[PDB]
Structure formats: C-alpha cells, structure tokens
C-alpha cells in the first residue's frame, strides 16, 4: 500500500535548524502528477500546511514561513526533506508528511507524524515505577494496576502492556509537564479482581529520544 513515514530529531535547540525526512513507498515521486506535502500541528492547535514538492521539482511554501523553509527530493531513495531554519518555541509541533496528486489537490495518505520540541533542555530518560494492585486499588469487583512513567524529556514516550497483547481496560494518560520542567504520566489497566491471575502484567516503556527501553513487572505487594 501507499505508506509514508516521518523521521527526524525529537529535540532541537532555539535558533538551530530542523531537518525532517519523509520516506515513502507504494508510489514513486518520478510518476507524473505526484506530490508530497508537509503539514504541522502545534500541541492542541489547528493543522497548518507548510510546503510541497512535485514530480517536476516545482516547490511551494506557506508565505509566512517561506524565508525559513526548503523542501527537496531524492527520487532515488524515495525521500523528501524539509529544512526549517531558526527554530523557535512556536515551531514545537507534530510534523506530518502526506501524499497529494495533480488529480486531487488534497492529501489522501498521511504518515503517522513525528513530534519535535524546540527547547534548551537536555534529553532525559524516564524512571518507571509500578502502581501495584492492592485492596486500596479495588473498587467493586474491579482491580487497578499500572506504571508511573516519571521525569523524562522531551515528548513522546510509548507504553504498552505485555508487548501490546493486553489492550482492553488500558488507560494511558497524556503526559503533563511538571513544575520541574520534566514530563510525567501514568498508564493503568483495569481488570476484575477475581480475573487478575489470568496473566502477569509487564509495562513496556519506550523513550526513543533517550534510546531508553524499560520493562516493569507489576505484581501485588506482600507483607
């Protein structure tokens, strides 16, 4: 199928340049009528179109950002690059590449997005702590357990349970920037208390910006 995937650094310092790459397959950017475009989205704000490139190397830019943007293609590697110079806090966003065609002039297939944060602060891996089930994390016939994912920077972090095999009753909370300037979140799973022994519980945490990967067993505490 037609697929696109964005890559680039999670973190850039103010005044530095950002380089993003979109790698695509299931189509070619030498094929007449084909375009790849870049779209961004600041945390909880509207989508904003940035740039596009066409099979014939025609380029277009959003006029407010034009002085800061350069789009380029390498047909030979199925890649499109966007360079954004002089990054500032307003450039913190999720960056999307998408496919457009001359028949459409709309983005029909999108990549999954890559998160970029513009900050002075250093990368930091999370500490991962279990939220052990007990009588106190029981309500009716429901038990709760979880993992506290504490003191990381920047976004994002991923959390799954039992390598993604356990999915129902899972609630992974959105990260909050703490007063210390580092992120924290919990991920919790609910199960009927008399159903707890059906499996063990492992939260797999991955912070790709610090190359950190932690597995944590969450068991009941003893005396």
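Positions refer to the first chain, counted from 1.
Look at the mean CA B-factor for 69-77 and for 146-154 in the entry; the higher one is 69-77. Look at the mean CA B-factor for 133-141 and for 88-96 in the entry; the higher one is 133-141. Ranking 164, 174, 181, 37 by Cα temperature factor from the entry places 164 first. For residue 170, the recorded CA temperature factor ranks within the highest third of the chain's modelled residues. The PDB entry assigns residue 160 a C-alpha temperature factor belonging to the middle third of its chain's modelled residues. In the PDB entry, a CA B factor belonging to the middle third of its chain's modelled residues is recorded for residue 104. For residue 188, the recorded CA B-factor ranks within the middle third of the chain. Only modelled residues enter the ranking. Residue-level temperature factors show residue 128 in the middle third of its chain, judged at the C-alpha atom.
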